[PDB]
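Take a look at the structure below.
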Amino acid sequence: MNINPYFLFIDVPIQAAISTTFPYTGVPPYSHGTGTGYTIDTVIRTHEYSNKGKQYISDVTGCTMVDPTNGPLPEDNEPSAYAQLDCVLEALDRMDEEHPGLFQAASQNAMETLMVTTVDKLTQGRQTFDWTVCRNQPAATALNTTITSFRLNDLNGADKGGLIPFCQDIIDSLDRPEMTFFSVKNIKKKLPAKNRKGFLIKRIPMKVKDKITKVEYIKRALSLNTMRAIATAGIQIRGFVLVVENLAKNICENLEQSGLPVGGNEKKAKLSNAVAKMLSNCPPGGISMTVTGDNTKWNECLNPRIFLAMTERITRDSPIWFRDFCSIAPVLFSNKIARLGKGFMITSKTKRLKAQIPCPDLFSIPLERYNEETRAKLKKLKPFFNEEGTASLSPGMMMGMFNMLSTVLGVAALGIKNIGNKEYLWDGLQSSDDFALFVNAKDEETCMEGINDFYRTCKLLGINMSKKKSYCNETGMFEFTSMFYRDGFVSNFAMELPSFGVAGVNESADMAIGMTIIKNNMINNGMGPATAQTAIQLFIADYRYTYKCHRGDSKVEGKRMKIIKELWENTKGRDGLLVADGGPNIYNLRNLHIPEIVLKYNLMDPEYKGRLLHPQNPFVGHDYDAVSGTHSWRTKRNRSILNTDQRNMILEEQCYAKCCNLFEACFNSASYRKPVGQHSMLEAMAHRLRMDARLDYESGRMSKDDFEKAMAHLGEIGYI
Amino acid sequence: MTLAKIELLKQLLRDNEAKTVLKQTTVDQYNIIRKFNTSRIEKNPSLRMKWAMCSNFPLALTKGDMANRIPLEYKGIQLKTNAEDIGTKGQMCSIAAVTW
Amino acid sequence: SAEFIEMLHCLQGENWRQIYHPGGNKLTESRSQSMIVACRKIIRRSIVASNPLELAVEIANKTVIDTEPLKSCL
Amino acid sequence: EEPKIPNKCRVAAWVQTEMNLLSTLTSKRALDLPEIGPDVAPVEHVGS
Amino acid sequence: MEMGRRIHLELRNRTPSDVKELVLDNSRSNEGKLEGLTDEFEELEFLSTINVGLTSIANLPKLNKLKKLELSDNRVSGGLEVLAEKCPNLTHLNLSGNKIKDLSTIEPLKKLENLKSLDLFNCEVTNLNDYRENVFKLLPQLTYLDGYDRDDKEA
Amino acid sequence: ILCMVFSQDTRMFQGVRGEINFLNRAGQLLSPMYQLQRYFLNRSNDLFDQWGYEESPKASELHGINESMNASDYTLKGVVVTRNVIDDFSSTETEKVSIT
Amino acid sequence: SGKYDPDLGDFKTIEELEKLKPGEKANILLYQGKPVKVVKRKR
């Protein structure tokens with residue numbers, strides 16, 4: 001009997017059968033390498049779909065620029081980035097007329113939020129491209145480095161605290177003839193280390209001051225570095241994109257078509273409501289069709305100039321300063337420069353050699369030495385390449401940075417609802433990459449005529465529908481963002497599942513975080529009761545393994561398990577003991593939002609309650625919900641190097657190695673005989689030698705003459 | 001030999017730099033250089049705590065009468081340490097201590 | 001409802017709905033609030049078993065609300 | 001150096017045997033998960 | 001070496017009805033047969049045929065006393081129903097290393113009722129889901145198999 | 001360690017701290033030389049501590065080694081490590097040898 | 001019938017106990033450190 005798993009589809013609808021095909025909503029490790037080649041291909045494709053536009057030379061950054069907007073309309077079904085401004089303006093006009101007082105209110109709310117916001121908001125983000133060092137650093141570190149450089153350059157926006165002064169100082173820094181900043185430089189090492197020679201070589205960083213001309217800083221600020229996001233943007237762009245996205249979110253929240261920022265069962269409600277609404281107003285005897293459309297090269301076709309036009313149209317009645325503030329982001333994106341990453345690698349098999357060619361030296365060697373695909377890619381990329389290992393890139397959107405504005409543009413495309421006053425009405429939903437289109441007509445022929453008209457219209461707006469990944473069927477069954485809807489039933493394609501291990505804070509905190517994660521997964525991603533209970537079981541298993549807190553009545557052995565077993569033997573209320581103390585777990589679906597301390601309080605032993613919740617215990621000392629007890633301990637978090645200046649100047653003197661060598665013998669002869677606790681190493685040596693001489697004389701290793709000589713020298717030391 | 005170490009220490013003290021570094025730098029500071037010399041930071045918090053718990057004294061401890069109330073040893077099991085720590089500026093306690 | 005969102009994880013799902021009602025300091029009809037549920041369980045135990053009459057009367061005669069038989073409370 | 005694109009291969013008969021055998025019931029089990037609190041709500045009973 | 005040489009060595013040039021067992025191993029056969037064993041045989045208990053290149057079972061004396069037979073490392077693939085008409089008194093069957101395609105090949109053993117142990121190792125039929133259960137309900141007379149019916153005993 | 005024991009240096013004798021009553025797998029009492037060999041090999045850090053230290057071999061290549069065997073200066077009294085190649089054991093005559 | 005006899009061998013699993021024949025002696029383990037020696041019986 002040869003199994004055939006696909007045969008399940010015979011007895012089960014495919015929508016349910018393929019539920020949760022991918023356990024991971026993130027990124028796999030085996031995805032096609034996103035290196036210099038991938039970014040080169042991305043820029044090549046971005047410039048390829050817009051090569052019929054206007055090509056010119058930027059007078060600021062001196063880089064090639066391509067502008068496809070208002071360019072010739074496509075004559076082929078291939079992707080096109082030529083979005084006419086008039087069509088976009090008309091679509092925005094239609095949206096505004098349909099929703100009176102929407103753009104004004106959204107712009108007002110966005111500007112008020114910007115006025116009340118603070119620079120600290122910029123720290124909530126993923127890896128950010130720091131320009132001072134030209135790398136990827138955490139948001140907080142990047143913001144701190146930018147602030148320090150601004151202070152060095154007589155720019156103190158962060159001092160005022162507001163975000164508006166910070167962005168004003170950013171755009172002012174874009175005007176300084178020379179920009180001075182701090183940078184980190186690594187220098188080799190010569191300090192001792194015991195492997196076989198008491199000598200090792202490493203890298204130590206130091207802070208230095210570096211200055212850059214105006215054009216260099218201008219190019220650096222617009223740079224987009226690469227680490228399914230393809231690149232990250234520095235700090236000079238973060239505030240403006242934040243404001244523009246807040247505006248777009250304010251607009252979208254009141255757009256019934258927008259599929260964002262819906263999350264949870266609200267998504268299912270929106271899907272079913274849209275289907276029901278479209279079916280209700282279907283013409284008597286007409287036909288309703290549904291397209292699960294997808295967009296190819298979504299972010300490689302949208303143009304920053306079109307986003308600038310959308311921002312200008314939306315904020316047509318708003319203070320001029322806010323209009324400029326909103327416009328600062330699209331103009332920055334329209335001049336974005338991509339960084340190609342590390343570079344390539346070329347090898348010689350005959351001599352068994354290999355080397356890494358960095359981006360600036362990409363063209364330093366004949367193209368014949370690159371494989372076919374890289375040769376062609378470099379040949380095509382030559383015009384859009386800079387001498388500093390960067391590529392000019394005017395068009396494109398390099399994945400998600402204006403997702404809300406993309407959704408707004410898609411909703412505008414969906415809001416036309418008719419072309420030529422034909423016998424079809426279209427509508428649907430769209431969330432920043434994917435759209436579901438519902439069209440009502442008389443016969444399927446007119447429905448497909450309407451679908452064709454919608455395809456042409458979105459082409460006019462620069463949105464390219466995917467013919468190779470889209471299909472149409474009678475309304476009632478479709479998909480929308482990995483969520484299959486079928487005549488009321490709803491299923492998910494990919495659902496994130498709890499990862500192995502505890503959260504990584506502490507016993508009570510880890511338990512609370514795990515339970516709240518399970519609860520959130522149930523609420524949002526739609527995890528069934530049995531799956532949630534199994535997740536609880538797995539989390540308990542992992543927690544017990546990590547904290548070595550198996551059941552008190554178990555037969556396992558461990559350093560902590562002996563005390564756990566003794567406590568279990570001495571305790572009467574064994575149902576009230578916490579899991580961390582080998583007690584029984586009692587968590588279930590109905591009580592996934594209650595801390596275990598509160599759950600078990602009524603069953604705890606009063607003596608155990610006092611010991612556990614002692615107001616002054618030595619462990620606690622000085623989101624999720626838990627109880628502050630003896631299980632809220634803190635782990636030692638102290639590493640790296642402090643006292644950097646003193647340590648560096650000491651290590652750079654000379655005699656440190658001799659001190660280490662003298663220390664090593666005596667204080668390694670025994671595993672631990674160090675009077676540690678801030679004792680000066682000289683004092684510890686004096687005490688150690690005094691004790692060694694005492695022991696030598698007592699055992700007879702030394703005569704009285706050597707004894708007295710040693711004490712004489714020890715007397716001369718100063719600690720005797 | 002005690003005398004050999006003594007004479008070597010005197011010879012080293014003849015030089016000013018060695019005398020200064022020995023007078024100022026403490027035994028606690030001696031460990032720090034070795035750490036960065038052959039140690040650095042890690043990631044993956046879930047596994048980080050897994051490694052930390054298996055160690056002897058991963059838990060920070062407060063200073064006070066209650067901290068000293070718990071013993072150093074218990075049925076052949078260590079609980080805390082006497083010598084002061086650098087980072088926390090206080091004692092460090094083993095996981096079992098909490099259970100105690 | 002403030003008291004309904006907190007439990008939402010156990011109330012509503014993608015394709016199921018749990019009928020749940022809140023509570024809070026509804027004390028006074030203690031004895032009654034007890035007997036009913038106890039009685040309910042008896043029926044739940046008797047309907048499944050064959051010939052529910054004798055089993056139901058047996059369980060009802062041998063049940064005590066913490067001091068007294070269910071018959072007195074009823 | 002040129003990229004070693006994956007080769008092209010025909011149907012492998014051992015994958016069918018893998019699927020057939022891995023779906024059989026053996027004489028041993030290797031799963032021991034911890035316990036959960038008592039079930040009260042009907043949804044908990046269904047999940048259990 | 002040939003089947004005849006093995007027959008002569010085992011019988012030592014005596015009457016056919018003098019040995020209740022045979023060892024036909026490492027013997028070349030004409031087109032994959034078991035020649036050299038005449039139908040005159042009347043008493044036989046154990047059999048052993050390994051590396052004989054037997055491709056089919058069509059030549060075998062009619063018998064009523066054999067209880068064990070051993071076939072291995074052969075490319076035989078065909079119906080075994082003929083065993084019922086030739087010797088429906090088999091108790092130990094060994095097909096380890098043989099070449100059988102699907103379950104249908106082992107069907108004709110249903111009509112035999114005295115079989116208690118059947119061996120099928122590294123057989124193309126052995127790599128299937130519920131092959132153990134499917135064979136069991138297909139041959140109810142079977143009391144043993146590759147060795148793990150319910151316990152472990154030795155032949 | 002072995003050259004130390006063989007040399008019969010008075011410091012090696014004065015560095016003993018335990019006891020010498022060991023035997024072999026056959027259960028025989030050995031001569032004091034081999035008993036000391038086994039004692040010192042079992043406890044290497046016995047004569048090393050009290051042997052005494054000597055300044056490093058200040059020179060182009062001659063460099064010292066500490067008690068921990070790391071290529072660290074402040075070497076043992078007498079011991080020297082040269083960054084050259086020592087080639088020895090010439091004239092392998094295989095001279096006549098008797099067997100008791 | 002007796003006590004731990006390393007000579008007879010290590011502890012025997014239930015699989016070997018079930019296939020054992022009458023009159024044959026085996027070794028079993030109750031818990032850690034308390035082995036015992038048993039013998040099959042017809043009754």
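Naming scheme: A, B, ... for chains in displayed order of the structure tokens; residues 1 onward per chain; ligands 1 onward as shown.
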- Message: as number ranges by chain, please: every residue in chain F that DSSP puts in helix (DSSP H, G or I).
- Response: F: 2-7, 10-14, 32-42, 47-51
- Shell around stretch 105-111 of chain E at 7 Å using only C-alpha atoms, local window under 3 positions removed, as a VMD selection string: chain E and resid 78 to 81 100 102 139
- Task: Up to 9 Å from chain D, what residues of chain E turn up? Count only C-alpha atoms and give them as a VMD selection string.
- Result: chain E and resid 127 to 131
Please produce an output containing N, CA, C and O atoms for each residue in the selection, written as a short mmCIF file (atom, residue, chain, number, x, y, z; two decimals), in the first residue's frame.
data_model
loop_
_atom_site.label_atom_id
_atom_site.label_comp_id
_atom_site.auth_asym_id
_atom_site.auth_seq_id
_atom_site.Cartn_x
_atom_site.Cartn_y
_atom_site.Cartn_z
N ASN E 127 8.50 -3.28 2.20
CA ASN E 127 8.57 -1.83 2.41
C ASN E 127 7.24 -1.18 2.03
O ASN E 127 7.10 -0.49 1.02
N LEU E 128 6.24 -1.41 2.89
CA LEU E 128 4.91 -0.87 2.67
C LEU E 128 4.26 -0.59 4.02
O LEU E 128 4.61 -1.20 5.03
N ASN E 129 3.30 0.34 4.01
CA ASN E 129 2.58 0.68 5.23
C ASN E 129 1.64 -0.45 5.61
O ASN E 129 0.86 -0.94 4.79
N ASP E 130 1.70 -0.86 6.88
CA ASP E 130 0.81 -1.89 7.41
C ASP E 130 0.98 -3.21 6.68
O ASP E 130 0.06 -4.03 6.61
N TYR E 131 2.18 -3.44 6.13
CA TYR E 131 2.48 -4.73 5.52
C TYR E 131 2.36 -5.85 6.54
O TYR E 131 1.84 -6.93 6.24
#
- Item | Test item: residues at most 8 Å from residue A:227, only C-alpha atoms, excluding those fewer than 2 positions along its chain, as a PyMOL selection string | chain A and resi 136+225+230-232+341
When you get a sec, could you note down which chain A residues fall within 8 Å of chain B, using only C-alpha atoms, as a PDB file with C-alpha atoms, in the first residue's frame?
ATOM      1  CA  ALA A 193      47.605  35.382  26.610  1.00  0.00           C
ATOM      2  CA  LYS A 202      43.466  40.432  18.470  1.00  0.00           C
ATOM      3  CA  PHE A 500      11.824  25.964  21.638  1.00  0.00           C
ATOM      4  CA  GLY A 501      13.063  27.306  24.958  1.00  0.00           C
ATOM      5  CA  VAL A 502      11.991  29.840  27.560  1.00  0.00           C
ATOM      6  CA  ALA A 503      11.728  33.581  26.944  1.00  0.00           C
ATOM      7  CA  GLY A 504      15.018  34.166  28.751  1.00  0.00           C
ATOM      8  CA  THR A 546      16.031  24.740  31.168  1.00  0.00           C
ATOM      9  CA  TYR A 547      15.537  25.477  34.877  1.00  0.00           C
ATOM     10  CA  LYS A 559      21.835  19.654  42.284  1.00  0.00           C
ATOM     11  CA  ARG A 560      18.606  21.631  42.678  1.00  0.00           C
ATOM     12  CA  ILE A 563      16.149  20.518  47.712  1.00  0.00           C
ATOM     13  CA  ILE A 564      13.063  20.381  45.491  1.00  0.00           C
ATOM     14  CA  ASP A 581       9.594  24.346  42.650  1.00  0.00           C
ATOM     15  CA  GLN A 616      12.558  41.397  52.008  1.00  0.00           C
ATOM     16  CA  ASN A 617      14.299  38.456  50.352  1.00  0.00           C
ATOM     17  CA  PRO A 618      17.861  38.649  48.982  1.00  0.00           C
ATOM     18  CA  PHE A 619      17.019  37.505  45.435  1.00  0.00           C
ATOM     19  CA  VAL A 620      14.532  40.043  44.058  1.00  0.00           C
ATOM     20  CA  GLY A 621      16.542  43.041  45.231  1.00  0.00           C
ATOM     21  CA  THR A 630      11.840  35.086  45.422  1.00  0.00           C
ATOM     22  CA  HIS A 631      11.551  33.668  41.881  1.00  0.00           C
ATOM     23  CA  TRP A 633      15.842  36.961  40.676  1.00  0.00           C
ATOM     24  CA  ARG A 634      18.235  38.794  38.357  1.00  0.00           C
ATOM     25  CA  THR A 635      21.230  37.271  36.588  1.00  0.00           C
ATOM     26  CA  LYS A 636      24.662  38.885  36.530  1.00  0.00           C
ATOM     27  CA  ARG A 637      24.685  41.270  33.549  1.00  0.00           C
ATOM     28  CA  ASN A 638      28.159  42.825  33.585  1.00  0.00           C
ATOM     29  CA  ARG A 639      30.691  42.208  30.809  1.00  0.00           C
ATOM     30  CA  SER A 640      32.716  44.007  28.128  1.00  0.00           C
ATOM     31  CA  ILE A 641      35.406  46.560  29.044  1.00  0.00           C
ATOM     32  CA  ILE A 650      48.306  50.724  31.260  1.00  0.00           C
ATOM     33  CA  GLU A 653      53.123  51.171  28.873  1.00  0.00           C
ATOM     34  CA  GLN A 654      55.406  48.095  28.831  1.00  0.00           C
ATOM     35  CA  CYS A 655      55.721  46.108  32.055  1.00  0.00           C
ATOM     36  CA  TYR A 656      52.177  44.677  32.147  1.00  0.00           C
ATOM     37  CA  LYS A 658      55.920  40.854  33.512  1.00  0.00           C
ATOM     38  CA  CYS A 659      53.257  41.572  36.131  1.00  0.00           C
ATOM     39  CA  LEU A 662      54.607  36.894  38.083  1.00  0.00           C
ATOM     40  CA  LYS A 674      43.165  35.040  45.849  1.00  0.00           C
ATOM     41  CA  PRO A 675      41.995  37.519  48.519  1.00  0.00           C
ATOM     42  CA  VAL A 676      39.722  39.012  45.852  1.00  0.00           C
ATOM     43  CA  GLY A 677      37.321  41.867  46.560  1.00  0.00           C
ATOM     44  CA  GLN A 678      39.184  44.951  45.271  1.00  0.00           C
ATOM     45  CA  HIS A 679      42.451  43.938  46.971  1.00  0.00           C
ATOM     46  CA  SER A 680      45.434  45.418  45.163  1.00  0.00           C
ATOM     47  CA  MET A 681      47.238  42.629  43.330  1.00  0.00           C
ATOM     48  CA  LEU A 682      50.471  43.716  45.021  1.00  0.00           C
ATOM     49  CA  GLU A 683      48.803  43.326  48.428  1.00  0.00           C
ATOM     50  CA  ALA A 684      47.516  39.879  47.455  1.00  0.00           C
ATOM     51  CA  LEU A 689      54.310  35.145  49.671  1.00  0.00           C
ATOM     52  CA  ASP A 692      54.148  30.589  51.412  1.00  0.00           C
ATOM     53  CA  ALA A 693      57.238  31.468  53.455  1.00  0.00           C
ATOM     54  CA  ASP A 706      65.988  32.235  54.381  1.00  0.00           C
ATOM     55  CA  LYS A 709      65.624  37.184  54.645  1.00  0.00           C
ATOM     56  CA  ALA A 710      62.145  36.713  53.175  1.00  0.00           C
ATOM     57  CA  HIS A 713      62.045  41.832  51.882  1.00  0.00           C
ATOM     58  CA  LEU A 714      58.330  41.427  52.858  1.00  0.00           C
TER      59      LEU A 714
END
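For chain D, the residues within 10 Å of chain A are residues 1, 2, 3, 16, 17, 19, 20, 21, 23, 32, 33, 34, 35, 36, 37, 38, 39, 40, 41, 43, 44, 45, 46, 47 and 48 of chain D, with only C-alpha atoms used to measure distance.
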Write the residues of the selection above to a file with N, CA, C and O atoms, as a short mmCIF file (atom, residue, chain, number, x, y, z; two decimals), in the first residue's frame.
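That gives us result37.cif:
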data_model
loop_
_atom_site.label_atom_id
_atom_site.label_comp_id
_atom_site.auth_asym_id
_atom_site.auth_seq_id
_atom_site.Cartn_x
_atom_site.Cartn_y
_atom_site.Cartn_z
N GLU D 1 34.23 31.61 -10.04
CA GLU D 1 33.82 30.28 -10.46
C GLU D 1 32.32 30.24 -10.74
O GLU D 1 31.54 30.92 -10.07
N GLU D 2 31.94 29.44 -11.73
CA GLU D 2 30.54 29.34 -12.10
C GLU D 2 29.74 28.69 -10.98
O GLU D 2 30.28 27.90 -10.19
N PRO D 3 28.44 28.99 -10.88
CA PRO D 3 27.62 28.39 -9.82
C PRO D 3 27.25 26.96 -10.17
O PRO D 3 26.80 26.68 -11.29
N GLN D 16 9.13 6.82 -1.53
CA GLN D 16 7.87 6.13 -1.27
C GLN D 16 8.02 5.16 -0.11
O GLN D 16 7.14 5.08 0.76
N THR D 17 9.12 4.41 -0.07
CA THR D 17 9.35 3.50 1.04
C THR D 17 9.54 4.26 2.35
O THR D 17 9.07 3.82 3.40
N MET D 19 8.16 7.16 3.16
CA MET D 19 6.83 7.59 3.59
C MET D 19 6.02 6.41 4.12
O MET D 19 5.32 6.53 5.12
N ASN D 20 6.11 5.26 3.45
CA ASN D 20 5.35 4.09 3.88
C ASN D 20 5.78 3.64 5.27
O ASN D 20 4.94 3.39 6.14
N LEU D 21 7.09 3.53 5.50
CA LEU D 21 7.59 2.98 6.75
C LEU D 21 7.46 3.96 7.90
O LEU D 21 7.08 3.56 9.01
N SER D 23 5.23 5.98 8.50
CA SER D 23 3.84 6.08 8.93
C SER D 23 3.34 4.83 9.63
O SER D 23 2.17 4.77 10.01
N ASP D 32 6.89 11.94 25.87
CA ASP D 32 6.44 12.03 27.26
C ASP D 32 6.31 13.52 27.59
O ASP D 32 7.27 14.16 28.00
N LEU D 33 5.11 14.05 27.40
CA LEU D 33 4.86 15.46 27.63
C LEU D 33 4.31 15.68 29.03
O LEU D 33 3.67 14.79 29.60
N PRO D 34 4.53 16.86 29.61
CA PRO D 34 4.03 17.11 30.97
C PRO D 34 2.51 17.18 31.03
O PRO D 34 1.83 16.96 30.02
N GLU D 35 1.98 17.47 32.21
CA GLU D 35 0.54 17.50 32.42
C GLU D 35 0.00 18.92 32.27
O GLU D 35 0.74 19.90 32.20
N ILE D 36 -1.33 19.01 32.23
CA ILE D 36 -2.04 20.28 32.15
C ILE D 36 -3.09 20.31 33.25
O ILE D 36 -3.48 19.28 33.79
N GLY D 37 -3.55 21.52 33.57
CA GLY D 37 -4.54 21.70 34.60
C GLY D 37 -5.86 21.06 34.23
O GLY D 37 -6.11 20.74 33.06
N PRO D 38 -6.72 20.85 35.21
CA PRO D 38 -8.01 20.21 34.93
C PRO D 38 -8.83 21.03 33.94
O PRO D 38 -8.79 22.26 33.95
N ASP D 39 -9.57 20.34 33.09
CA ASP D 39 -10.39 20.98 32.07
C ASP D 39 -11.79 21.23 32.62
O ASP D 39 -12.39 20.33 33.22
N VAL D 40 -12.29 22.44 32.41
CA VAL D 40 -13.61 22.82 32.91
C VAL D 40 -14.48 23.29 31.75
O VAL D 40 -15.57 22.76 31.53
N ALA D 41 -13.99 24.27 31.00
CA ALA D 41 -14.78 24.83 29.92
C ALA D 41 -14.99 23.79 28.82
O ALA D 41 -14.13 22.92 28.61
N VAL D 43 -14.69 24.05 25.66
CA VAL D 43 -13.61 24.13 24.68
C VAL D 43 -12.40 23.36 25.18
O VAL D 43 -11.71 22.68 24.40
N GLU D 44 -12.11 23.45 26.47
CA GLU D 44 -11.01 22.67 27.03
C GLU D 44 -11.27 21.17 26.90
O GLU D 44 -10.36 20.40 26.60
N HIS D 45 -12.51 20.74 27.14
CA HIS D 45 -12.82 19.33 27.00
C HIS D 45 -12.63 18.87 25.56
O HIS D 45 -12.09 17.79 25.31
N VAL D 46 -13.07 19.69 24.60
CA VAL D 46 -12.91 19.33 23.19
C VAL D 46 -11.43 19.23 22.84
O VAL D 46 -10.98 18.29 22.18
N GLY D 47 -10.64 20.22 23.28
CA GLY D 47 -9.22 20.18 23.01
C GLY D 47 -8.54 18.98 23.64
O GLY D 47 -7.67 18.36 23.03
N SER D 48 -8.92 18.64 24.87
CA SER D 48 -8.34 17.48 25.53
C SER D 48 -8.70 16.19 24.81
O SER D 48 -7.85 15.30 24.67
#
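Excluding residue C:32 and any residue on its chain fewer than 2 positions from it, the residues at most 12 Å away by only C-alpha atoms are residues 27, 28, 29, 30, 34, 35, 36, 37, 38, 39, 65, 70, 72, 73 and 74 of chain C.
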Write out as a Markdown table the residues of chain F that have any atom within 8 Å of an atom of chain B, one row each with the nearest atom pair and its distance in Å to one decimal, counting only C-alpha atoms, sorted by chain and then rising number.
| residue | atom | partner | partner_atom | distance |
| --- | --- | --- | --- | --- |
| F:49 | CA | B:1 | CA | 6.9 |
| F:50 | CA | B:1 | CA | 4.6 |
| F:51 | CA | B:1 | CA | 5.6 |
| F:52 | CA | B:1 | CA | 3.8 |
| F:53 | CA | B:4 | CA | 5.6 |
| F:54 | CA | B:4 | CA | 7.1 |
| F:55 | CA | B:8 | CA | 7.6 |
Determine, for each residue of chain F having at least one atom at most 10 Å from an atom of chain A, the closest pair of atoms and their separation in Å to one decimal, counting only C-alpha atoms; order by chain and ascending number, as JSON lines.
{"residue": "F:11", "atom": "CA", "partner": "A:701", "partner_atom": "CA", "distance": 9.2}
{"residue": "F:14", "atom": "CA", "partner": "A:701", "partner_atom": "CA", "distance": 6.2}
{"residue": "F:15", "atom": "CA", "partner": "A:701", "partner_atom": "CA", "distance": 7.3}
{"residue": "F:16", "atom": "CA", "partner": "A:701", "partner_atom": "CA", "distance": 9.3}
{"residue": "F:17", "atom": "CA", "partner": "A:699", "partner_atom": "CA", "distance": 8.6}
{"residue": "F:45", "atom": "CA", "partner": "A:669", "partner_atom": "CA", "distance": 7.0}
{"residue": "F:46", "atom": "CA", "partner": "A:669", "partner_atom": "CA", "distance": 9.3}
{"residue": "F:48", "atom": "CA", "partner": "A:669", "partner_atom": "CA", "distance": 9.0}
{"residue": "F:49", "atom": "CA", "partner": "A:669", "partner_atom": "CA", "distance": 7.1}
{"residue": "F:50", "atom": "CA", "partner": "A:701", "partner_atom": "CA", "distance": 8.2}
{"residue": "F:53", "atom": "CA", "partner": "A:665", "partner_atom": "CA", "distance": 9.7}
{"residue": "F:63", "atom": "CA", "partner": "A:197", "partner_atom": "CA", "distance": 9.7}
{"residue": "F:64", "atom": "CA", "partner": "A:197", "partner_atom": "CA", "distance": 9.3}
{"residue": "F:65", "atom": "CA", "partner": "A:197", "partner_atom": "CA", "distance": 8.0}
{"residue": "F:66", "atom": "CA", "partner": "A:665", "partner_atom": "CA", "distance": 7.3}
{"residue": "F:67", "atom": "CA", "partner": "A:665", "partner_atom": "CA", "distance": 6.6}
{"residue": "F:68", "atom": "CA", "partner": "A:665", "partner_atom": "CA", "distance": 7.4}
{"residue": "F:69", "atom": "CA", "partner": "A:196", "partner_atom": "CA", "distance": 7.2}
{"residue": "F:70", "atom": "CA", "partner": "A:196", "partner_atom": "CA", "distance": 4.4}
{"residue": "F:71", "atom": "CA", "partner": "A:197", "partner_atom": "CA", "distance": 3.2}
{"residue": "F:72", "atom": "CA", "partner": "A:198", "partner_atom": "CA", "distance": 4.9}
{"residue": "F:73", "atom": "CA", "partner": "A:661", "partner_atom": "CA", "distance": 6.5}
{"residue": "F:74", "atom": "CA", "partner": "A:661", "partner_atom": "CA", "distance": 6.7}
{"residue": "F:75", "atom": "CA", "partner": "A:661", "partner_atom": "CA", "distance": 9.3}
Against chain E, which residues of chain G fall within 10 Å? For each one I want the closest pair of atoms and the distance in Å (one decimal), counting only C-alpha atoms, rows by chain and increasing residue number, as CSV.
residue,atom,partner,partner_atom,distance
G:15,CA,E:151,CA,7.2
G:16,CA,E:152,CA,8.2
G:18,CA,E:151,CA,7.3
G:19,CA,E:152,CA,6.2
G:20,CA,E:153,CA,9.2
What does the file look like for those residues with N, CA, C and O atoms, as a compact mmCIF listing (two decimals), in the first residue's frame?
# COMPACT_ATOMS: atom_id res chain seq x y z
N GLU G 15 10.86 -8.70 27.67
CA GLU G 15 10.83 -9.44 26.41
C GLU G 15 11.43 -10.82 26.57
O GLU G 15 10.90 -11.81 26.05
N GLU G 16 12.56 -10.92 27.29
CA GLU G 16 13.17 -12.22 27.52
C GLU G 16 12.41 -13.02 28.57
O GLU G 16 12.36 -14.25 28.49
N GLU G 18 9.17 -13.09 29.03
CA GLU G 18 7.96 -13.67 28.44
C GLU G 18 8.28 -14.88 27.59
O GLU G 18 7.48 -15.82 27.53
N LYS G 19 9.43 -14.89 26.92
CA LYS G 19 9.82 -16.01 26.06
C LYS G 19 10.59 -17.09 26.82
O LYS G 19 11.05 -18.05 26.20
N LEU G 20 10.73 -16.96 28.13
CA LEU G 20 11.49 -17.92 28.91
C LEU G 20 10.72 -19.24 29.02
O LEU G 20 9.51 -19.30 28.79
- Item | 12 Å contact set for residue G:10, only C-alpha atoms, chain neighbours under 6 positions out, as JSON, numbers by chain | {"G": [4, 16, 26, 27, 28, 29, 35, 36, 37]}
- Item | Residue list for chain A near chain C as a PyMOL selection string, 12 Å, only C-alpha atoms | chain A and resi 16+264-269+271-272+483-492+515-529+532-533+588-594
- Straight-line distance linking atom CA of residue A:361 with atom CA of residue A:339, stated in Å to one decimal: 13.4 Å
Enumerate, in order of chain and increasing residue number, the residues of stretch 61-97 of chain E with an atom no farther than 8 Å from stretch 27-44 of chain E, each with its shortest atom pair and distance in Å to one decimal, counting only C-alpha atoms, as a Markdown table.
| residue | atom | partner | partner_atom | distance |
| --- | --- | --- | --- | --- |
| E:61 | CA | E:39 | CA | 4.4 |
| E:62 | CA | E:39 | CA | 6.9 |
| E:63 | CA | E:42 | CA | 6.3 |
| E:64 | CA | E:43 | CA | 7.8 |
| E:65 | CA | E:44 | CA | 6.0 |
| E:66 | CA | E:44 | CA | 5.2 |
